[PDB]
10 protein chains.
Amino acid sequence: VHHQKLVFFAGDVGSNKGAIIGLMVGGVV
Amino acid sequence: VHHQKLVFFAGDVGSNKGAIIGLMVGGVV
Amino acid sequence: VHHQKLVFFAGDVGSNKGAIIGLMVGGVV
Amino acid sequence: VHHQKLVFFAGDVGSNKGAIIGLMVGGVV
Amino acid sequence: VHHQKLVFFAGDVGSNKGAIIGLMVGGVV
Amino acid sequence: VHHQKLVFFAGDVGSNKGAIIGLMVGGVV
Amino acid sequence: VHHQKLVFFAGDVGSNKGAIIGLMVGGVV
Amino acid sequence: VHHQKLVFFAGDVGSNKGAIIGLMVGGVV
Amino acid sequence: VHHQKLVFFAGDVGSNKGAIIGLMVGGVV
Amino acid sequence: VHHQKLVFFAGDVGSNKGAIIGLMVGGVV
């Protein structure tokens, strides 16, 4: 009705369900 | 009705369900 | 009605359900 | 009615249900 | 009705379900 | 002398000198 | 002398001097 | 002398001097 | 002298001096 | 002298000085 707009997000936005590692160092030095 | 707008977020926004590690160091030194 | 707007958040916003670790160091030194 | 706006938050905002650790150090030194 | 538009997102947007590693170093030095 | 081992930590171990914040929510609702 | 081992840590081990934030939510709702 | 081993760490091991953020949500809803 | 080994780390090992962010969501909804 | 080995690391090993981001979502919904 006179320029109406709707946006539907049926799922998650920006979700994490696994692993996020910024830095990983391993050694047997 | 005269430029109406609706936004629906059916899920989580910016949710964490796993693991977030910024830094991980391991050693057997 | 004359430029009305509604926003719906059906889920959590910025929620944590897992683990968030900033720093993790392990050693057998 | 003449530029009305409503925002709905059906869930938690900024909630923690898991573990948040800032720093974690372990050793067998 | 007079230039109406709708956008549907039936799935997740920007979700992670695996592993994201920024940096990974390993050594037997 | 017959399997002698020494470990020296010249600095702090698992210490905080900055800011550690677990959760932060801000709004201008 | 007969399998002697020494380990020297001249710096901090697993220490924080910056900012560690677990979760941050901001809005101008 | 008969299998002697020494390990020297002149710097920090697994330390943070910058910013580590686990999750960040921002909006102008 | 009879299989002697030395390892020298002149710098930081697994340290952060910049920014590590696990997840970021921004919107002008 | 009888199989002597030395390893020298003049710089950082597995360190971050820039930006590491795991996930980023932005929108003008």
Side-chain angles (χ1 to χ4, degrees), chain A residues 3-16 20, chain B residues 1-17 20 22, chain C residues 1-17 20 22, chain D residues 1-18 20 22, chain E residues 5-9 12-16, chain F residues 19-29, chain G residues 18-29, chain H residues 18-29, chain I residues 19-29, chain J residues 19-29:
Chain A
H3 187 195
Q4 75 114 33
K5 167 172 80 168
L6 62 136
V7 182
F8 198 82
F9 284 98
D12 311 342
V13 178
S15 97
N16 172 44
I20 298 175
Chain B
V1 183
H2 224 305
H3 187 195
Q4 75 114 33
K5 168 172 80 168
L6 62 136
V7 182
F8 198 82
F9 284 99
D12 311 342
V13 178
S15 97
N16 172 45
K17 292 222 241 263
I20 298 175
Chain C
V1 183
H2 224 306
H3 187 195
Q4 75 114 33
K5 167 172 80 168
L6 62 136
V7 182
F8 198 82
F9 284 98
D12 311 342
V13 178
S15 97
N16 172 44
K17 292 222 241 263
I20 298 175
Chain D
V1 183
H2 224 305
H3 187 195
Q4 75 114 33
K5 167 172 80 168
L6 62 136
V7 182
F8 198 82
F9 284 99
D12 311 342
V13 178
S15 97
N16 172 44
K17 292 222 241 263
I20 298 175
Chain E
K5 167 172 80 168
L6 62 136
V7 182
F8 198 82
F9 284 98
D12 311 342
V13 178
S15 97
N16 172 45
Chain F
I20 298 174
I21 287 166
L23 206 148
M24 185 152 17
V25 174
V28 180
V29 55
Chain G
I20 298 174
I21 287 166
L23 206 148
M24 185 152 17
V25 174
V28 180
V29 55
Chain H
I20 298 174
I21 287 166
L23 206 148
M24 185 152 17
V25 174
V28 180
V29 55
Chain I
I20 298 175
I21 287 166
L23 206 148
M24 185 152 17
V25 174
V28 179
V29 55
Chain J
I20 298 175
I21 287 166
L23 206 148
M24 185 152 17
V25 174
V28 180
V29 55

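Because only heavy atoms are used, hydrogens play no part in the values below, and waters and symmetry mates are left out as well, while side chains stay in. Order of the sequence lines sets the chain letters (A, B, ...), proteins ahead of strands, with each chain counted from 1.
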Report summary line: Interatomic distance, NE2@C:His2 vs NE2@D:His2, rounded to 0.5 Å, equals 5.0 Å
Report summary line: Output for pair (I:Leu23 CG, B:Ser15 OG), nearest 0.5 Å, gives 8.0 Å
Requested in this report: Flag the pair C:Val13 / H:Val25 as yes when at least one side-chain heavy-atom distance between them is below 4.5 Å, and no otherwise.
Outcome: yes
Requested in this report: Using a 4.5 Å cut-off on heavy atoms from C-beta on, say whether the side chain of G:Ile21 contacts that of F:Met24.
Outcome: yes
Requested in this report: Would you mind reporting whether B:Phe9 and I:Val29 have side-chain heavy atoms less than 4.5 Å apart?
Outcome: yes
Query raised in the report: Rounded to the nearest 0.5 Å, how far does CD1 of H:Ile20 lie from CD1 of C:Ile20?
Result: 12.5 Å
Query raised in the report: Could you give the distance from NZ (B:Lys5) to NE2 (C:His3), rounded to the nearest 0.5 Å?
Result: 6.5 Å
Report task. Measure the shortest side-chain to side-chain distance between D:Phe8 and C:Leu6 over non-hydrogen atoms and say whether it is less than 4.5 angstrom. Result -> no
Query raised in the report: Short question: side chain of C:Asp12, backbone of D:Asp12 - any donor-acceptor pair under 3.5 Å?
Result: yes
